[PDB]
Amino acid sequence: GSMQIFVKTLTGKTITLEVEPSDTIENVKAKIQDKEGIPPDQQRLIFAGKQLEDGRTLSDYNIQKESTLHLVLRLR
């Protein structure tokens, strides 16, 4: 059920992922690694100000097609 989400960084860059609502946040970090070379342990993901945890899914956060997550590259 390939939908499309976006991942923006502090530099203004947008990244386009092909995902399903089933996949874990860990899975999308691995897709960020495939496009950006960033290891999963080197990144965090935020949705509407809420820190996403690795085991939970995109549906667990009501993340849907065309949503925009924010790549966080310092540790808060």
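Residue positions are given as counts along the sequence shown, with the first one as 1.
A.B. asks: Give the stretch, out of 42-50 and 29-37, with the larger mean C-alpha temperature factor in the deposited entry.
C.D. replies: Between 42-50 and 29-37, it is 42-50.
A.B. asks: Lowest, middle or highest third of the chain for the C-alpha temperature factor of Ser67?
C.D. replies: Its C-alpha B-factor, which the entry lists for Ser67, ranks in the middle third among residues of this chain.
A.B. asks: In terms of the chain's CA B-factor thirds, is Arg74 lowest, middle or highest?
C.D. replies: Its C-alpha B-factor belongs to the lowest third of this chain's values.
A.B. asks: Splitting the chain's C-alpha B-factors into thirds, which one does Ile5 fall into?
C.D. replies: According to the entry, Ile5 has a C-alpha B-factor in the chain's middle third.
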